[PDB]
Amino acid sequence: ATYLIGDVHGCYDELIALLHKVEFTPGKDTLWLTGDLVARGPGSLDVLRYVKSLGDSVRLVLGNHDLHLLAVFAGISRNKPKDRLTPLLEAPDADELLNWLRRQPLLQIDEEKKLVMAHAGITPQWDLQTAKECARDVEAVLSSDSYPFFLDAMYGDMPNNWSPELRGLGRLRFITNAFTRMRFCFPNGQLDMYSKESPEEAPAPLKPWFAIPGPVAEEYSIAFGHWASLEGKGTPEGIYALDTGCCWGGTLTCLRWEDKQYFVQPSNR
């Protein structure tokens, strides 16, 4: 069976309880995770240890909080007490866990399922070939010995409009924002980097990225997490918003792909 779970955010107990509910069995089953494995919840260390131990039984994409953790680890960004990352940062296997984390993908594709997953979704300005090339470019910088330089370069809100002509810092910044921060678009597909509200509460003319028809969404299903204020609701057919806000006091959601059956674990917070 194939299971897809939204943002875990250190909610180790809820993750394990949800996997027991579906009798997840590595070697018979595969787990997809939308990213944001860490921060806010109490168990980021246990979450990373477990997810790494799954090997080929898990398909992860990196989220914005995963990248922030890497930036803190690398001395690029300051640790926020609210993120509850110190046990992970001080763990004896921190290097092993975080060097594994920075090598994980930004994008997962299964052609037999016609299924695409990224943390925030796929911007309507990208076709599949472009999304794959952009994922490969940022994965390359994150997997390299010089990854702290990129992590520092990644911060920024512009450019917010994709072009194949983009180069350098702006190209990397856009790619990072599209895969890990995107929620709303202007009518032309350009990214808004400020509104984090639900679609009904957003100021005009902003619309959810998935409300603008794009080439990837026309041919593939897209699963994503990230957008907690969406509450996993209000999406079109073929769009699966899996982040139901577990670390916020909401729920952890698991979707089984074969029958599109949902399983939900209440937050312990």
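The first residue of the sequence shown is number 1, and the count goes up from there.
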Next item on the list: Return whichever of 71-79 and 160-168 has the greater mean Cα B factor according to the PDB record.
Entry: 160-168
Margin query: Which is higher on mean Cα B factor in this entry, 151-159 or 169-177?
Written below: 151-159
Item checked: Peak C-alpha temperature factor (PDB record), options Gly55, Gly225, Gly43, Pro205 -> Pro205
Checklist line | Largest Cα B-factor, entry values, listed residues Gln108, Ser198, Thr123, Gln104 | finding: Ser198
Next item on the list: Pull the Cα B-factor of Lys28 out of the PDB entry and bin it into the chain's lowest, middle or highest third.
Entry: middle
Check: Can you tell me which third, lowest, middle or highest, the CA B-factor of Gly245 falls into for its chain?
Finding: middle
Note to self: Using the temperature factors of the C-alpha atoms in this entry, rank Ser267 within its chain: lowest, middle or highest third.
What the structure shows: highest
Next item on the list: Please place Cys185 in the lowest, middle or highest third of its chain by C-alpha B factor as given in the entry.
Entry: middle
Notebook entry, point to check: Lowest, middle or highest third: where is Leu97 by Cα B-factor in its chain?
Noted result: lowest
